[PDB]
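Presented below, as C-alpha cells, is a lone chain in the form deposited in one PDB entry.
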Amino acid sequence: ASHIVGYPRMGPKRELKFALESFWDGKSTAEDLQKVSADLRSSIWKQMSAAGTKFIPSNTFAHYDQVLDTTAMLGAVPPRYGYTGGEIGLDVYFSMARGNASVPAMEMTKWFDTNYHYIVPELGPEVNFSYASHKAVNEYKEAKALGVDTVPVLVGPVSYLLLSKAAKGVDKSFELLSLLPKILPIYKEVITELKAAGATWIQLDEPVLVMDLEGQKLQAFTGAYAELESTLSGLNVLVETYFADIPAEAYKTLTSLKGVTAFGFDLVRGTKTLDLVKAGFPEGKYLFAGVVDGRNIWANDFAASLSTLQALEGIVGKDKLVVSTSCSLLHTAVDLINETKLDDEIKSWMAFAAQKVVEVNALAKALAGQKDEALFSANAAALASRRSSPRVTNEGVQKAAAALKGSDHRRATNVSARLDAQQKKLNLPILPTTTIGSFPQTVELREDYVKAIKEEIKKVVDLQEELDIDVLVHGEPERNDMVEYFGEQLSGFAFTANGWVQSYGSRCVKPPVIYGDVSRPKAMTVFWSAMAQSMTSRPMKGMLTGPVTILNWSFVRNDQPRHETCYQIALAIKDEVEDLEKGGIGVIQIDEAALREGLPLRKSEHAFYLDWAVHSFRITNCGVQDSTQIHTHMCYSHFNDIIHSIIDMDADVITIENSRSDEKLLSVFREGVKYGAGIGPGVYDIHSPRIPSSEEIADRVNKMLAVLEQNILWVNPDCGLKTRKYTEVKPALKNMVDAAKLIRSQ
C-alpha cells in the first residue's frame, strides 16, 4: 500500500536537459532523444518497483510540461503554429513550448506556489479539441511490457480548465469552464483505451480543489464526474490534491464525487483536512496518507508519521489505508546519494526523491509487519542529532526576546522629514539617474585583485564618463548568484552538489540549504563597495539581497516556522547595511524581487505572509541615519493589489519590473494612497536585447510626470542587466538621462 504521486523527469545527472539541447539545436536525430527518454523511464519504473512501490505512476514524464502533455492530449495546439491534425509530436510540442523561428512559444506560469513553471492552456469558444497525443496510454504499455504494471497519472478535466486561460479575442463574458463537455469525451476515448490496455487503477490530479472555489465553481467538479462514472466502471479512481488543506465545502464535494474510490491529501501542508475526515468520511474508500514531503529535503520523522499514519487506521483500516508521498517527488531533488561534499552527519539529516520512494515503503512495511527496525533505530538517530547538534540551536536565538519587542518602523521621521536630510548630506539633481543591479561579462575565468578591480574600475570609469550619471552602481562581479553568494557567509547555510530541481524546460536550479539558526559572524560586502565609492565622486549605492528573497529561494528547515528563520536572515542584514553606513556609502539599495512568491494559496492566509515578510524588510534598516537613502527592488509589473505592504515597507526610493505595463494605472499610488516618497519604475525593459528609441523614454517618463510627481522621481531599467549583450547595452543607456535633462529646461 505504497503510493508516489509523481517523480522527476530529467535524470540523476540532468540527462533530459542535455538530450533536449543536443536535439533542440540540431545535433541529434529525433531518435537520440527517445533512446534517451526511454532509457530514463525504464530506470524509474524499475527503480520504483524494485523497492516494493505499490502504485508506480506512469505518465509523470514529459519532454517539457505536464500541463502541455495534457494540451496535446486534446489537440488544443494554438493557431500561430499551424496545426492541421494528427498524432502530434516534437515539432509541435516544443514549437508551442519553446517557440520556433517565425512564431513565438506560449506564456508560462507557476505550478501553484512551487518554483516550477507550466504552460498555460490558451483556450476559448473556437478551439476544436482532438484526441491527438497517446502519451498516457503508450507509456503504460511500455512499463507494462517491462514487467511492471503502472498507474496512469492524469490532469483533472475541470482543474485543467481552471488552470487554463482563454487567449485573445474571446469576449470577456466567456465561461472558461464551458468547454467541460467538449473536452470530456476526448477524456473518455483515453480512459477506455487504457481500460482496455490492461490498467486496473488510474490517477486524476485535481489540486485546484485545495484553492478557494465558490459554490458555483466547485460544482463544475460534480457535473464532470457524473459524466465519467459510466466510463470508470469497475475501475478504481484516485483523485489527487496537494499543497494545502481542502476547505469543508471542497472537502465535501470531493469525498462525494461519483466514480472516485480513493482520495489523496497533502497532509504535510494540509493537516487540517484531517479534522474533516475525523468528522465524516465516505464508505470504505481509500486514503492515501501523503506524509512524505516531495517539497523539501529532510528525512520524514518516521516516528511521527507512523503515529499519525496509525491514527488514520482508526478512520478506516478495513484494508483501505495507503502510504503516499505528500506532493510530487518532482518538486524535490533526486538521489541524495550523489552527495559527498556534504559531511555524512548531515546527509543523515536529509532524503531526496530516491530516498523518499523508500521512505514510503518502510512506513508502508512497518504499518503491516516486516519492519526493518534497522531504519527506525537509524531514523530516531538521524533525528536525535539534529535537535541537539550545536550546529543547529545557536546563541543566535539571542536576538529574539528583543524581536517580539515591538515591530521596527524606521526611526520614525515621516520620511519627507528625512528625505530633506538625504539631500543636504547627498546632493543630486532632478530625476537622479541609476540602473538596477548586475552587468555582462567578457572572456572570464572559472591573484584575484589584479583581475578583480580590473573590471570593477572600468564599470566605474564607464558609469561616470557615461552621460554623467548622478547615482552609480558597482556591478556584482565578485559573485555568482545574488543568492548563491551571501549564502556561504551565514551560519545555518550549507550547500548541495547534485540536488537539482527543475524550473521549466531544461532549466534547473539548486536552491541553497538553511540548516541552523542563520547568522553572519563576519562582514560580507563592505570594501567591495568601498572599492568603487573611493574612485568616484558620485553616489555609490550598496547592494543587499533581502531576507525575504533569500529565504524563499531555498530549502528551509522543518523544525520551526518560515518567518522565524526568515527574520534571523533579516538580522544579519542590518549588520551589513549598518556597515555600508559606517563604511561610508551613503546609499544602500536593497532588493526583494522574490516578495510575492510566498503567497499562501489560501487567501485568508495572505495578510500574515505580508506581515513577517515586510516587517522583516524593515528589520534591515531600522537603525539607519536620516541621511542614508535606501532603495528597494520588486520584480512585478502590476502589484496593484499589494500596494499597501509596499507602502508599509517604508523606503526612500525603490524600483520594480515596470516598463511594459500601464502609465495610467500608475495613478494607483495616490487615490486612497499618496506614497510621499521616491519610485523608479524601470522605463525601459532590460529583458529585451533590442534597444529602445531615446524618443520612447522622454514620453514614457513624461507619462510619469503626470500620474506621478516630479519633486520625487527616478531614472532606471526594468530589471537587472546580467543577460543583455554588450553592443546592445552601450548605444543603449547612452539614451536615458537624455530624455530627462530635457523637460528640466523650464
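Numbers for residues come from their place in the sequence shown, where the first is 1.
Note that the form solved in complex with a small molecule isn't included here; everything after this is about it.
K.L.:
Exactly one stretch in 403-411, 417-425, 112-120, 343-351 has heavy atoms within 4.5 Å of the small molecule in the entry with it bound; which is it?
P.N.:
After filtering at 4.5 Å, what remains is 112-120.
K.L.:
Identify, from the list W528, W612, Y515, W500, the residue with a heavy atom within 4.5 Å of the small molecule in the entry with it bound.
P.N.:
Exactly one listed residue reaches within 4.5 Å, namely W500.
K.L.:
Check each of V509, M524, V170, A303 and return the one that places a heavy atom within 4.5 angstroms of the small molecule in the entry with it bound.
P.N.:
Among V509, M524, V170, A303, a heavy atom within 4.5 Å of the small molecule in the entry with it bound occurs only for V509.
K.L.:
Does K17 make contact with the small molecule in the entry with it bound, using a 4.5 Å heavy atom cut-off?
P.N.:
Residue-level check for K17: yes, a contact with the small molecule.
K.L.:
Is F129 close enough to touch the small molecule in the entry with it bound, meaning at least one heavy atom pair within 4.5 Å?
P.N.:
It does not: once the small molecule is placed as it appears in the entry with it bound, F129 has no heavy atom within 4.5 Å of it.
K.L.:
With the partner left out of view, is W553 within 4.5 angstroms of the small molecule in the entry with it bound by any non-hydrogen atom?
P.N.:
Answer yes; at least one heavy atom of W553 falls within 4.5 Å of the small molecule in the entry with it bound.
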